[PDB]
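Novice: Below: one structure in structure tokens.
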Number of protein chains: 2
Amino acid sequence: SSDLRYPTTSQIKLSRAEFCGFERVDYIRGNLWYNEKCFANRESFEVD
Amino acid sequence: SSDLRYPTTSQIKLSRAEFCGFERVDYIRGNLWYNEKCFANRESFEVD
């Protein structure tokens, strides 16, 4: 998604990431890993 | 090749172009087309 803090069109605008050489049979075997950490007041050193 | 009119290292420096989605079975089936034209004095409107 483009971003969530700047509502402009009331509809999410998706951008497709590029991955060279990747067909459909690769995307069906692929996982997303993310560290669940809350950034409430958004200190400057906090990066996701 | 980098260029031919500015020799610097006495060895041709080749840069590999990118083709996202292309493996060896695609490179074995490919052809190069070029219009054989001589630009001796290299007029400004002449491009390759």
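Following the order of the structure tokens, first chain is A, next is B, and so on, with residues numbered from 1 inside each chain and ligands from 1 in the order they appear.
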Residues of chain B in helix (DSSP H, G or I) according to DSSP, as a list in words?
Specialist: residues 24, 25, 26 and 27 of chain B
Novice: Using only C-alpha atoms, which protein or nucleic acid residues come within 10 Å of residue 39 in chain A? Drop anything in the same chain fewer than 5 positions from it, and give the result as a ChimeraX atom specification.
Specialist: /A:46-48
Novice: Could you take the residues named above and write them with N, CA, C and O atoms, as a short mmCIF file (atom, residue, chain, number, x, y, z; two decimals), in the first residue's frame?
Specialist:
```cif
data_model
loop_
_atom_site.label_atom_id
_atom_site.label_comp_id
_atom_site.auth_asym_id
_atom_site.auth_seq_id
_atom_site.Cartn_x
_atom_site.Cartn_y
_atom_site.Cartn_z
N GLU A 46 13.30 4.59 15.83
CA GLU A 46 12.46 3.43 15.57
C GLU A 46 12.20 3.31 14.07
O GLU A 46 11.64 4.22 13.46
N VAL A 47 12.61 2.18 13.50
CA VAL A 47 12.47 1.92 12.07
C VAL A 47 11.99 0.48 11.90
O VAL A 47 12.40 -0.43 12.62
N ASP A 48 11.08 0.28 10.95
CA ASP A 48 10.43 -1.01 10.74
C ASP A 48 11.03 -1.70 9.52
O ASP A 48 11.46 -1.04 8.57
#
```
Novice: Residues within 9 Å of range 12-29 of chain B, please, as a PyMOL selection string. Count only C-alpha atoms; anything in the same chain fewer than 6 positions from it doesn't count.
Specialist: (chain A and resi 19-23) or (chain B and resi 1-4)
Novice: Please report the interatomic distance between CA of residue 32 in chain B and CA of residue 9 in chain B in Å with one decimal.
Specialist: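 Pair CA of residue 32 in chain B / CA of residue 9 in chain B returns 27.8 Å.
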Novice: Please give chain A as a PDB file with N, CA and C atoms, in the first residue's frame, after it has been superposed on chain B by least squares over all Cα atoms paired in order.
Specialist:
```
ATOM      1  N   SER A   1      29.837  -3.878 -24.298  1.00  0.00           N
ATOM      2  CA  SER A   1      31.112  -3.255 -23.983  1.00  0.00           C
ATOM      3  C   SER A   1      30.885  -1.817 -23.539  1.00  0.00           C
ATOM      4  N   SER A   2      31.783  -1.320 -22.683  1.00  0.00           N
ATOM      5  CA  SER A   2      31.640   0.038 -22.167  1.00  0.00           C
ATOM      6  C   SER A   2      31.679   1.057 -23.298  1.00  0.00           C
ATOM      7  N   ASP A   3      32.824   1.171 -23.962  1.00  0.00           N
ATOM      8  CA  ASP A   3      32.956   1.939 -25.192  1.00  0.00           C
ATOM      9  C   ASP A   3      34.291   1.572 -25.820  1.00  0.00           C
ATOM     10  N   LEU A   4      34.485   2.015 -27.061  1.00  0.00           N
ATOM     11  CA  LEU A   4      35.700   1.708 -27.797  1.00  0.00           C
ATOM     12  C   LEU A   4      36.581   2.917 -28.059  1.00  0.00           C
ATOM     13  N   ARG A   5      36.059   4.130 -27.901  1.00  0.00           N
ATOM     14  CA  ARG A   5      36.818   5.323 -28.239  1.00  0.00           C
ATOM     15  C   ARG A   5      37.685   5.836 -27.099  1.00  0.00           C
ATOM     16  N   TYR A   6      37.549   5.289 -25.893  1.00  0.00           N
ATOM     17  CA  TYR A   6      38.277   5.777 -24.724  1.00  0.00           C
ATOM     18  C   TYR A   6      39.047   4.622 -24.104  1.00  0.00           C
ATOM     19  N   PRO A   7      40.224   4.301 -24.639  1.00  0.00           N
ATOM     20  CA  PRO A   7      41.014   3.200 -24.075  1.00  0.00           C
ATOM     21  C   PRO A   7      41.630   3.610 -22.747  1.00  0.00           C
ATOM     22  N   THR A   8      41.340   2.839 -21.712  1.00  0.00           N
ATOM     23  CA  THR A   8      41.854   3.145 -20.382  1.00  0.00           C
ATOM     24  C   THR A   8      42.625   1.993 -19.759  1.00  0.00           C
ATOM     25  N   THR A   9      42.215   0.748 -20.006  1.00  0.00           N
ATOM     26  CA  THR A   9      42.789  -0.395 -19.309  1.00  0.00           C
ATOM     27  C   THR A   9      43.374  -1.442 -20.246  1.00  0.00           C
ATOM     28  N   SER A  10      43.262  -1.249 -21.565  1.00  0.00           N
ATOM     29  CA  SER A  10      43.707  -2.222 -22.569  1.00  0.00           C
ATOM     30  C   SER A  10      43.026  -3.576 -22.373  1.00  0.00           C
ATOM     31  N   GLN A  11      41.793  -3.543 -21.876  1.00  0.00           N
ATOM     32  CA  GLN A  11      40.989  -4.741 -21.684  1.00  0.00           C
ATOM     33  C   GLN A  11      39.521  -4.345 -21.674  1.00  0.00           C
ATOM     34  N   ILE A  12      38.704  -5.015 -22.487  1.00  0.00           N
ATOM     35  CA  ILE A  12      37.316  -4.604 -22.654  1.00  0.00           C
ATOM     36  C   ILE A  12      36.553  -4.830 -21.358  1.00  0.00           C
ATOM     37  N   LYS A  13      35.810  -3.817 -20.933  1.00  0.00           N
ATOM     38  CA  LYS A  13      34.990  -3.906 -19.736  1.00  0.00           C
ATOM     39  C   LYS A  13      33.539  -4.089 -20.154  1.00  0.00           C
ATOM     40  N   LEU A  14      32.981  -5.249 -19.835  1.00  0.00           N
ATOM     41  CA  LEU A  14      31.625  -5.602 -20.216  1.00  0.00           C
ATOM     42  C   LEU A  14      30.676  -5.278 -19.074  1.00  0.00           C
ATOM     43  N   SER A  15      29.497  -4.776 -19.419  1.00  0.00           N
ATOM     44  CA  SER A  15      28.409  -4.575 -18.478  1.00  0.00           C
ATOM     45  C   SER A  15      27.274  -5.508 -18.861  1.00  0.00           C
ATOM     46  N   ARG A  16      26.723  -6.203 -17.873  1.00  0.00           N
ATOM     47  CA  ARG A  16      25.669  -7.173 -18.117  1.00  0.00           C
ATOM     48  C   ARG A  16      24.319  -6.472 -18.111  1.00  0.00           C
ATOM     49  N   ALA A  17      23.588  -6.596 -19.213  1.00  0.00           N
ATOM     50  CA  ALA A  17      22.252  -6.039 -19.285  1.00  0.00           C
ATOM     51  C   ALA A  17      21.305  -6.834 -18.393  1.00  0.00           C
ATOM     52  N   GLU A  18      20.247  -6.170 -17.948  1.00  0.00           N
ATOM     53  CA  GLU A  18      19.264  -6.783 -17.069  1.00  0.00           C
ATOM     54  C   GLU A  18      18.044  -7.195 -17.880  1.00  0.00           C
ATOM     55  N   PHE A  19      17.536  -8.393 -17.606  1.00  0.00           N
ATOM     56  CA  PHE A  19      16.315  -8.873 -18.245  1.00  0.00           C
ATOM     57  C   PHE A  19      15.595  -9.745 -17.222  1.00  0.00           C
ATOM     58  N   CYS A  20      14.549  -9.189 -16.623  1.00  0.00           N
ATOM     59  CA  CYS A  20      13.882  -9.837 -15.506  1.00  0.00           C
ATOM     60  C   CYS A  20      13.096 -11.052 -15.979  1.00  0.00           C
ATOM     61  N   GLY A  21      13.256 -12.169 -15.271  1.00  0.00           N
ATOM     62  CA  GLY A  21      12.549 -13.388 -15.592  1.00  0.00           C
ATOM     63  C   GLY A  21      13.190 -14.251 -16.654  1.00  0.00           C
ATOM     64  N   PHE A  22      14.401 -13.923 -17.091  1.00  0.00           N
ATOM     65  CA  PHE A  22      15.024 -14.602 -18.219  1.00  0.00           C
ATOM     66  C   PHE A  22      16.080 -15.570 -17.701  1.00  0.00           C
ATOM     67  N   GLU A  23      15.867 -16.861 -17.933  1.00  0.00           N
ATOM     68  CA  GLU A  23      16.827 -17.890 -17.575  1.00  0.00           C
ATOM     69  C   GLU A  23      17.584 -18.338 -18.826  1.00  0.00           C
ATOM     70  N   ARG A  24      18.378 -19.405 -18.688  1.00  0.00           N
ATOM     71  CA  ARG A  24      19.271 -19.815 -19.768  1.00  0.00           C
ATOM     72  C   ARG A  24      18.512 -20.315 -20.990  1.00  0.00           C
ATOM     73  N   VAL A  25      17.353 -20.951 -20.792  1.00  0.00           N
ATOM     74  CA  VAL A  25      16.619 -21.515 -21.924  1.00  0.00           C
ATOM     75  C   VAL A  25      15.922 -20.463 -22.770  1.00  0.00           C
ATOM     76  N   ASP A  26      15.943 -19.195 -22.355  1.00  0.00           N
ATOM     77  CA  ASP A  26      15.460 -18.111 -23.197  1.00  0.00           C
ATOM     78  C   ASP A  26      16.566 -17.461 -24.013  1.00  0.00           C
ATOM     79  N   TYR A  27      17.748 -17.274 -23.429  1.00  0.00           N
ATOM     80  CA  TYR A  27      18.862 -16.657 -24.133  1.00  0.00           C
ATOM     81  C   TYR A  27      19.386 -17.503 -25.283  1.00  0.00           C
ATOM     82  N   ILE A  28      19.104 -18.809 -25.288  1.00  0.00           N
ATOM     83  CA  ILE A  28      19.530 -19.648 -26.399  1.00  0.00           C
ATOM     84  C   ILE A  28      18.604 -19.496 -27.596  1.00  0.00           C
ATOM     85  N   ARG A  29      17.432 -18.897 -27.409  1.00  0.00           N
ATOM     86  CA  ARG A  29      16.522 -18.561 -28.501  1.00  0.00           C
ATOM     87  C   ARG A  29      16.303 -17.055 -28.450  1.00  0.00           C
ATOM     88  N   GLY A  30      17.211 -16.318 -29.076  1.00  0.00           N
ATOM     89  CA  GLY A  30      17.138 -14.874 -29.093  1.00  0.00           C
ATOM     90  C   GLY A  30      18.098 -14.303 -30.109  1.00  0.00           C
ATOM     91  N   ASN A  31      17.648 -13.320 -30.879  1.00  0.00           N
ATOM     92  CA  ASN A  31      18.440 -12.774 -31.967  1.00  0.00           C
ATOM     93  C   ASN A  31      18.658 -11.285 -31.764  1.00  0.00           C
ATOM     94  N   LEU A  32      19.756 -10.789 -32.324  1.00  0.00           N
ATOM     95  CA  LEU A  32      20.087  -9.372 -32.325  1.00  0.00           C
ATOM     96  C   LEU A  32      19.963  -8.848 -33.748  1.00  0.00           C
ATOM     97  N   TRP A  33      19.184  -7.787 -33.916  1.00  0.00           N
ATOM     98  CA  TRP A  33      18.989  -7.135 -35.200  1.00  0.00           C
ATOM     99  C   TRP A  33      19.600  -5.745 -35.158  1.00  0.00           C
ATOM    100  N   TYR A  34      20.316  -5.397 -36.223  1.00  0.00           N
ATOM    101  CA  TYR A  34      21.008  -4.125 -36.322  1.00  0.00           C
ATOM    102  C   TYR A  34      21.066  -3.709 -37.782  1.00  0.00           C
ATOM    103  N   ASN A  35      20.882  -2.418 -38.030  1.00  0.00           N
ATOM    104  CA  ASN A  35      20.948  -1.868 -39.377  1.00  0.00           C
ATOM    105  C   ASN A  35      22.390  -1.492 -39.687  1.00  0.00           C
ATOM    106  N   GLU A  36      22.979  -2.155 -40.676  1.00  0.00           N
ATOM    107  CA  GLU A  36      24.378  -1.915 -41.020  1.00  0.00           C
ATOM    108  C   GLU A  36      24.466  -0.605 -41.788  1.00  0.00           C
ATOM    109  N   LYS A  37      24.815   0.466 -41.085  1.00  0.00           N
ATOM    110  CA  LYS A  37      24.998   1.774 -41.693  1.00  0.00           C
ATOM    111  C   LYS A  37      26.268   2.393 -41.132  1.00  0.00           C
ATOM    112  N   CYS A  38      27.081   2.975 -42.008  1.00  0.00           N
ATOM    113  CA  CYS A  38      28.359   3.553 -41.612  1.00  0.00           C
ATOM    114  C   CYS A  38      28.163   5.018 -41.251  1.00  0.00           C
ATOM    115  N   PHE A  39      28.760   5.434 -40.141  1.00  0.00           N
ATOM    116  CA  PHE A  39      28.699   6.812 -39.671  1.00  0.00           C
ATOM    117  C   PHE A  39      30.140   7.300 -39.553  1.00  0.00           C
ATOM    118  N   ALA A  40      30.675   7.806 -40.663  1.00  0.00           N
ATOM    119  CA  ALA A  40      32.095   8.130 -40.726  1.00  0.00           C
ATOM    120  C   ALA A  40      32.400   9.456 -40.043  1.00  0.00           C
ATOM    121  N   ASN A  41      31.803  10.540 -40.525  1.00  0.00           N
ATOM    122  CA  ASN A  41      32.074  11.861 -39.980  1.00  0.00           C
ATOM    123  C   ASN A  41      31.136  12.242 -38.844  1.00  0.00           C
ATOM    124  N   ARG A  42      30.159  11.387 -38.527  1.00  0.00           N
ATOM    125  CA  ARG A  42      29.307  11.508 -37.342  1.00  0.00           C
ATOM    126  C   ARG A  42      28.539  12.834 -37.333  1.00  0.00           C
ATOM    127  N   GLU A  43      27.611  12.934 -38.279  1.00  0.00           N
ATOM    128  CA  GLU A  43      26.639  14.014 -38.233  1.00  0.00           C
ATOM    129  C   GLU A  43      25.781  13.894 -36.976  1.00  0.00           C
ATOM    130  N   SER A  44      25.216  15.027 -36.555  1.00  0.00           N
ATOM    131  CA  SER A  44      24.513  15.086 -35.280  1.00  0.00           C
ATOM    132  C   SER A  44      23.220  14.284 -35.273  1.00  0.00           C
ATOM    133  N   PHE A  45      22.558  14.137 -36.417  1.00  0.00           N
ATOM    134  CA  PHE A  45      21.280  13.441 -36.472  1.00  0.00           C
ATOM    135  C   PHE A  45      21.425  11.927 -36.507  1.00  0.00           C
ATOM    136  N   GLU A  46      22.636  11.413 -36.692  1.00  0.00           N
ATOM    137  CA  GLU A  46      22.846   9.984 -36.859  1.00  0.00           C
ATOM    138  C   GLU A  46      22.900   9.307 -35.496  1.00  0.00           C
ATOM    139  N   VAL A  47      21.984   8.365 -35.276  1.00  0.00           N
ATOM    140  CA  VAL A  47      21.870   7.644 -34.017  1.00  0.00           C
ATOM    141  C   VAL A  47      21.643   6.169 -34.334  1.00  0.00           C
ATOM    142  N   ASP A  48      22.286   5.305 -33.551  1.00  0.00           N
ATOM    143  CA  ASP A  48      22.273   3.867 -33.792  1.00  0.00           C
ATOM    144  C   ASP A  48      21.325   3.181 -32.819  1.00  0.00           C
TER     145      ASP A  48
END
```
